[PDB]
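This document opens with one chain alone, in structure tokens, the form deposited in one PDB entry.
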């Protein structure tokens, strides 16, 4: 389809006579039609109309029957109704039934058709919709910061009723951000999750999802009325959890390591700091399996979908390409952050390698699968 215009059916390439308006200027007829002046029109359509007439006349005799002429006009985009068929057979003068191209072409060019009437619109849909009222997540701070009263609460504002409910950011904020109708490539896999930030980039004060309290707010880590802070240094990336997940203790991971009874941890390596309790969509890129006291303490490595570089980061191997030093720094921070308190370096499975996204994603599901049961056992 780069030489000459065709029929759109099945034919040979050899015997079709190339528009005489093309051979003359030695330019294919495709180039002539698309990029030439409009003089390769009515006279140009003629030959493309003659070759298509030859394409329905397979028993190449020199004419079609009033039955073929019919679909061909359906083929060429024309809305042939009964009131226009008889008109056709009436106009077309062939008392024997046979119609020659010359006769057909002349008739065609003399009846663009009746565009009037009522221009029809097919309403055929598959009507697939949902009642679900999109909810707006809201986060309100209350209490005084760096004291046992400060909390971060979560709410849904019905974007239809405008009514508000308090939710658990752990149970009610979707782990998977899905789209009713996904328009991104079929070929490109789904990688969009919600991330709840607990410890903001560049800070060292401890906060956590209160798994004990109702609606699981975000509270600060406070022992005997004094707030707690990481002493090794500040968290240099947003650090929080992926909601709707649970590292169950009743379970064994990568050898003989039990979960830590916590929602899975995530580290957001983007350049933008989140506020305590802030939720945002992330892209999972890998996972670091650390052991926290014989417990399997993973760390999902994700990047905010809103980061300048998220698009160039496909898997865990590109992080060193665009964010050199990041992983080794992330590794090292976690490996040694307890030593300043008089503990010892933490250990890792997989020889501390940052396992890729597919590995990370499976881990996330299992974590999600366990949260699901915890929902039913406790209900």
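Positions refer to the first chain, counted from 1. For the two forms, the rigid core is made up of the largest set of C-alpha atoms that agree within 1.5 Å on superposition.
There is also a form deposited in another entry; it is not shown, and the following applies to it.
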Rigid core superposition between this form and the one not shown: residue from 273, 278, 100, 295 with Cα shift of 2 Å or more: 100
So, does residue 340 move by 2 Å or more at the CA between this form and the one not shown, with the core held fixed? no
Is the shift of residue 257 between this form and the one not shown large enough to count as movement, that is, does its C-alpha move by 2 Å or more after the core is superposed? yes
Superposing on the rigid core, is the CA of residue 188 displaced by 2 Å or more between this form and the one not shown? no
Checking the C-alpha spacing of residue 168 and residue 252, a student should find that in the other form it changes by 3 angstroms or more, with the atoms closer
Between residue 253 and residue 286, does the Cα distance in the other form come out closer or farther than in this form, changing by 3 Å or more? farther
